[PDB]
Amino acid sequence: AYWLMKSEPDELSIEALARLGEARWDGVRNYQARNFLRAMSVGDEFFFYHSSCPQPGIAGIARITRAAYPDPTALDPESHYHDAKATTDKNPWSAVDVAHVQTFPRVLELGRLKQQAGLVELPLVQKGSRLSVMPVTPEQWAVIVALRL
């Protein structure tokens, strides 16, 4: 029921999601991350993580408004997430739709997060991880919301 998904601020920030209302989460091309997307249910919540930016960290909370469905950007030649070997009847990629829940006043910085022994099992803080979508245990969710104070 809980997850964490990374997104580059300039491509999509928690603030921008609040302004858009509901948005499509497309472009995931990592098999494992894809598999986690397919495990999500409507109503599930996830930490919105700002990555590849000057202040990386958890910026807020959002929710899943539409379970996994074929990522249309894979078939759209105009999209930067296009896949040449994908077709309508054979699309290996999935997307989900999300909506804003809350924007934290201050980003929960990555450094602060790595200092949480309670997050030792979260791929986010593990060396070499390239996973942009991951599950979050209730216990891990609690330690993170506790950081928000």
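In case it trips you up, residue 1 is the first one in the sequence shown, and so on.
Engineer: Taking the mean of the C-alpha B-factors per stretch from the entry, tell me the winner out of 45-53 and 117-125.
Structural biologist: Of 117-125 and 45-53, the stretch with the higher C-alpha B-factor average is 117-125.
Engineer: Give the stretch, out of 80-88 and 105-113, with the larger mean C-alpha temperature factor in the deposited entry.
Structural biologist: Comparing averages over the C-alpha atoms only gives 80-88.
Engineer: Is the Cα B-factor recorded for residue 4 in the lowest, middle or highest third of its chain?
Structural biologist: Bottom third by C-alpha B-factor.
Engineer: So where's residue 18 on the chain's Cα temperature factor ranking, which third?
Structural biologist: Middle third of the chain for residue 18's C-alpha B-factor.
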